[PDB]
Structure formats: structure tokens, C-alpha cells
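**Q** Numbering (the deposited numbering), first residue to last: 3 to 260. We put the CB at the ideal spot given by N, CA and C, even for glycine. Questions regarding the structure given below will be posed in turn.
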Ligand SMILES: C[C@]12CC[C@H]3[C@@H](CC=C4C[C@@H](OS(N)(=O)=O)CC[C@@]43C)[C@@H]1CC[C@@H]2C=O
Ligand SMILES: [Zn+2]
């Protein structure tokens with residue numbers, strides 16, 4: 003009886019195995035745009051993905067992960083609210099059963115169709131596993147998806163999903179350029195938070211871009227054909243793999259923009 007997104011194992015159950023679920027810096031949150039304070043001390047975000055080297059795409063029974071070779075200093079996130087340099091290890095999405103839900107963060111209670119997370123670890127802690135034990139261990143870049151025009155840079159991901167339908171399936175996925183998933187503007191909100199799945203560790207500086215990307219209805223419909231279940235198990239469509247907004251408690255959301 004492992005955690006998931008269902009009635010009996012979903013977000014309202016996670017606190018039993020992971021008591022930090024009710025902690026002081028949980029993610030995601032609602033971004034109240036009128037309360038978020040413009041912080042002139044925040045720097046432009048530096049996203050350097052020119053040398054990013056993807057290895058594999060994996061269905062882990064929760065989402066699909068596009069994984070990167072993080073063995074050299076290549077694909078790095080720095081500046082913005084960050085001190086030092088954070089290395090890209092993987093990206094994944096959260097999405098809904100319908101276009102009206104799927105994002106984890108919300109903006110004035112607006113839910114987007116999906117949300118992309120690019121996960122980076124602080125190079126001062128040497129590897130990903132050590133970084134998540136630190137309050138400044140990870141920087142996750144969050145990007146909202148709305149349904150409209152296709153995102154050409156997403157199509158290579160969409161076209162490989164047929165090969166990883168079920169939990170435990172993986173495929174070679176080299177030479178994927180994550181620059182093709184970025185909106186025009188790097189205007190962002192930032193706040194201290196957590197992983198949004200177990201183990202829910204309070205190790206993340208969240209950087210949520212204001213500008214969504216557009217994807218087509220056809221692109222998101224292919225996300226919704228994935229399965230939570232393993233090959234030769236009862237079909238459970240991989241949909242609504244999002245955690246709802248958690249209490250903000252004693253935190254401030256800062257805006258990079260006026
Ligand atoms: C691999 C680990 C468990 C899985 C952890 C990872 C740290 C960050 C995320 C990101 C998160 O999703 S999200 N939404 O918070 O970005 C989904 C869980 C995941 C992959 C841990 C690092 C060490 C630990 C075990 O070795
Ligand atoms: Zn995520």
C-alpha cells in the first residue's frame with residue numbers, strides 16, 4: 003500500500019508515512035499575485051542549457067522523468083534568488099484528467115492544465131542525494147502549461163510516451179534540448195518549499211515562471227494515455243498526478259518583476 007494519487011493513497015494520506023507533509027514549508031502553494039512582493043534585489047534567472055545531455059526517459063508509476071547526465075558542469079541554473087550553482091538532473095510534469103486542472107502551483111487560485119518541473123541540485127553538496135538533506139539543496143524551475151498552440155520543442159517527448167506506457171518502462175532519450183520547453187520571459191515568483199511528492203523534503207527553492215507555455219490538446223491527450231499501473235495490471239490512466247496547494251504558513255512569495 004505505497005503512496006500515489008488515489009482516494010486511498012493520495013495526498014491526504016501521505017502524512018501517515020511522511021509526517022513532514024504537515025510541515026512549515028510544504029509545496030505547492032497558491033501564488034496570490036497581489037500579496038507577492040516585487041523584490042528589486044532579485045537577479046535575472048540564468049538558465050544555461052546549451053550543453054544539457056539527456057540520457058533516458060522513465061515511467062516510475064507517478065509521472066515520466068527525462069533524465070540528464072549530471073556528471074559534468076553543463077546544464078546549470080544560477081542567479082535569480084540562488085546563491086551558487088545548481089545542476090539539472092531531470093524534468094517531469096504534473097497534469098490533469100481535464101484541461102481545467104493539473105498544475106500544482108496555482109495563480110490567484112487558477113489551475114493550469116499541467117506544470118513542468120526542471121529539478122536542479124546545489125553543486126556545493128556534491129550529489130543529488132546529499133543535496134536533498136539541505137534546506138538550500140534543490141532549485142526547481144516550474145513552468146505552467148496551457149492548452150492552445152502546440153509546443154514544437156515538446157513533440158519529441160510526446161512521441162516517445164507510447165514506448166513507456168506502464169510503470170517500470172524506460173527508453174533511451176538522448177540529445178533532447180530542454181531550451182525548447184521555455185517561455186519567452188524568465189519573470190518569476192520564488193519562495194522556500196518542498197518536494198511535492200514523498201519524501202516531501204523541505205529542501206527546495208521554488209522558481210515559478212509567470213509566463214505559461216502553450217501545448218496542443220493533442221500533446222496533453224498523449225500524457226493522459228500513460229498508465230500508473232505496470233504492464234499486465236488493471237489499467238489506471240496516469241492523470242491528476244498533482245498535489246493540491248498547501249498552507250503558506252510563515253512564508254513570503256517574492257516577484258522578480260513589477
Ligand atoms: C531520489 C530521491 C527520492 C526521489 C526524489 C529525489 C529528490 C527530488 C525529487 C523530485 C520530486 O518531484 S518535485 N515535484 O518535488 O520536483 C519527486 C521525487 C524526487 C525525484 C530524491 C533524491 C534522493 C532520494 C533517494 O535516493
Ligand atoms: Zn514535480
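I'd like to confirm the pairing. Which residues does DSSP put opposite residue 112 in its beta bridges?
**A** 109
**Q** Is residue 153 near residue 216, with beta carbons less than 8 Å apart?
**A** yes
**Q** Roughly how many angstroms lie between the CA atoms of residue 79 and residue 85, to the nearest whole one?
**A** 10 Å
**Q** Using the beta-carbon count (16 or more within 10 Å), is residue 212 buried or exposed?
**A** Classification for residue 212: buried.
**Q** According to the neighbour-count rule (16 or more other Cβ atoms, all chains shown, within 10 Å of its Cβ), is residue 40 buried or exposed?
**A** Classified as exposed, residue 40 has fewer than 16 neighbouring CB atoms from the shown chains inside 10 Å of its CB.
**Q** In chain order, what residues of the same chain have a beta carbon less than 8 Å from the beta carbon of residue 171, not counting five sequence neighbours either side?
**A** 60, 61, 165 and 233
**Q** What does the alpha-carbon distance come out to for the pair residue 227 and residue 92?
**A** 22 Å
**Q** Measuring CB to CB, does residue 66 end up less than 8 Å from residue 57?
**A** Not in contact: residue 66 and residue 57 (Cβ atoms no closer than 8 Å).
**Q** Here's the rule: buried if 16 or more other CB atoms are within 10 angstroms of the residue's CB, otherwise exposed. What is residue 139?
**A** buried
**Q** Following a CB-centred definition, is residue 79 positioned closer than 7 Å to any heavy atom of ligand 1?
**A** Judged by the Cβ position, residue 79 fails to qualify as a neighbour of ligand 1 at the 7 Å threshold, every heavy atom of the ligand being at least this far.
**Q** Kindly give me the distance between the Cβ atoms of residue 107 and residue 144, rounded to whole angstroms, as I take these residues to be in contact under 8 Å.
**A** At roughly 6 Å, the Cβ-Cβ gap stays under 8 Å, so residue 107 and residue 144 are in contact.
**Q** Return yes when the Cβ of residue 82 is within less than 8 Å of the Cβ of residue 190, no when it is not.
**A** yes
**Q** With burial defined as no fewer than 16 other Cβ atoms inside 10 Å of the residue's Cβ, what is the status of residue 266: buried or exposed?
**A** No answer is possible for residue 266: it lies beyond the span of the chain, which begins at 3 and ends at 260.
**Q** Residue ranges of each beta strand (DSSP E) run of no fewer than 3 residues wholly in the stretch 203-235, ordered along the chain?
**A** Uninterrupted beta strand (DSSP E) stretches at least 3 residues long and entirely within the stretch 203-235 occur at 206-211 and 215-217, given in chain order.
**Q** Using C-beta distances below 7 Å, list every residue in its chain close to residue 168, excluding the 5 sequence neighbours before and after it, in chain order.
**A** 61, 229, 231, 232 and 233
**Q** Excluding sequence positions up to five away, which residues of its chain have a Cβ less than 7 Å from the Cβ of residue 13?
**A** Within the same chain, residue 13 has close Cβ partners 245 and 246.
**Q** Can you say whether residue 102 is buried or exposed, counting buried as having 16 or more other CB atoms within 10 angstroms of its CB?
**A** exposed
**Q** Ligand 2: which residues have Cβ under 6 Å from any of its heavy atoms, chain order?
**A** With the cut-off at 6 Å, the residues found are 94, 96, 119 and 198.
**Q** Whole-angstrom Cβ separation of residue 133 and residue 90, contact assumed at under 8 Å?
**A** Their Cβ separation, rounded to whole angstroms, is 13 Å, which puts residue 133 and residue 90 out of contact at 8 Å.
**Q** Please classify residue 196 as buried or exposed, where buried requires at least 16 neighbouring CB atoms within 10 angstroms.
**A** Counting Cβ neighbours within 10 Å, residue 196 comes out buried, since at least 16 surround it.
**Q** Determine the contact status of residue 109 and residue 33, defining contact as a CB-CB distance below 8 Å.
**A** yes
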